[PDB]
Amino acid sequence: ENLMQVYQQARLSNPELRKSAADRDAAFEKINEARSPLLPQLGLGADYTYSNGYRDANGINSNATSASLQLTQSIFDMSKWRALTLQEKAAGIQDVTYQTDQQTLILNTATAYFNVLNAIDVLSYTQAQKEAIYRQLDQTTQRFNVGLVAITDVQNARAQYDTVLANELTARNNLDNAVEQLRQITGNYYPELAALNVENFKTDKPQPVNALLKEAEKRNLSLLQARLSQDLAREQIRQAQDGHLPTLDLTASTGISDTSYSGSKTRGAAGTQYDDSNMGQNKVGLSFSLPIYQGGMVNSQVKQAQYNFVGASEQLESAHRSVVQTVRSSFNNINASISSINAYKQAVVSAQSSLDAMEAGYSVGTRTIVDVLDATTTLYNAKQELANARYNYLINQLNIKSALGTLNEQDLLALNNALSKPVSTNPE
């Protein structure tokens, strides 16, 4: 029901978040799959061959049976150590994108929570407008019946009451759809939420724009990732450079091997060479490989990886500009929101005083019913505007913390302290 409670329910069950957690876990586990080629490799081979000679070897025939435990082990292969740090850096990237999504859920939940409250205020003021204009229509009907105003006053009022009835269908649909927006992010249907406390409402100026810019160069999660993704591209130059290096491996086996010969040219003038061997071997070998020249394959692989590096350096300058914009435009939006709140507060007062003036003039002949119903509209538009600005103010508080990198449950606790009484998401 309150926002703390809505986010708690959302944190346990959200599929976009829990998917992200799965991607992070896979990437961390894959760390092990990248260590594995640096550890003992141990397979058992085991065949059976039947040969049958012909043409100048006709009459000599075998069948062999082999079986062996084989063992490989890297001693020096830098490309195998690279695949390991490259997959540890990849898991570091995924861990930051997880932190980004954890933050997205906070933002999107608060945003959707406030949208529903906004939609409750739009409909509640559209209903207050409906009722005020109906009051006019009813009292004009009374006044017409007794001879005091003309039929025109009634007809004008009705037309304008009909407009408001149709605006209420829109108002109500927007509310049902915002409630469904919420259910998508949350899993639950909420019959009521905790409304923003309007008698306790104050705003505070933001921190100066450079203080916020400094904090974001330090802590923004999108540009931690961009930086990590630049590390990754540099270590990818190093992996390319490794194709030049020599490799030093180790083999080990323990294999048996039968072999029985038979047929016509197997004895007489052979001499021991086609008997029965029943061999047996234990090996330990060291392999050594030095590339020298593969067509310029390495080199071009290195130059590719160098360009990829400037590429990732540009994506870092892209992510910086992107955060410059989010923070500076958030700063501006907050300021503007404060400015709007004050502007629309003033507006409501003037609008009501205008409405009171219309009604006065109506009764002495210097304004019409049309003027009165217009001033009723102005009033309720101003009110709606006011409520809309307060929600914009708070959403922009959240967008700023988001752009900082620091948006968490403490920030949501603060917002929850500005809420109070229950309000229904499905009234009449």
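Residues carry their position along the shown sequence, with the first being 1.
Look at the mean CA B-factor for 396-404 and for 46-54 in the entry; the higher one is 46-54. The mean Cα B-factor in the deposited entry runs higher for 37-45 than for the other of 365-373 and 37-45. Sorting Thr326, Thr266, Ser350, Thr163 by the CA temperature factor given in the entry leaves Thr266 at the top. The entry assigns its greatest Cα B factor, within the set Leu105, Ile292, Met358, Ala178, to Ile292.
In the deposited entry, the Cα temperature factor of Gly285 sits in the top third of values across the chain's modelled residues. Split the chain's modelled residues into thirds by C-alpha temperature factor. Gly92 is in the middle one. Ranked by Cα temperature factor within the chain, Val298 sits in the highest third according to the deposited record. In the PDB entry, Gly311 places in the middle third of its chain by CA B-factor.
Among the modelled residues of the chain, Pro208 sits in the middle third by CA temperature factor in this PDB entry.
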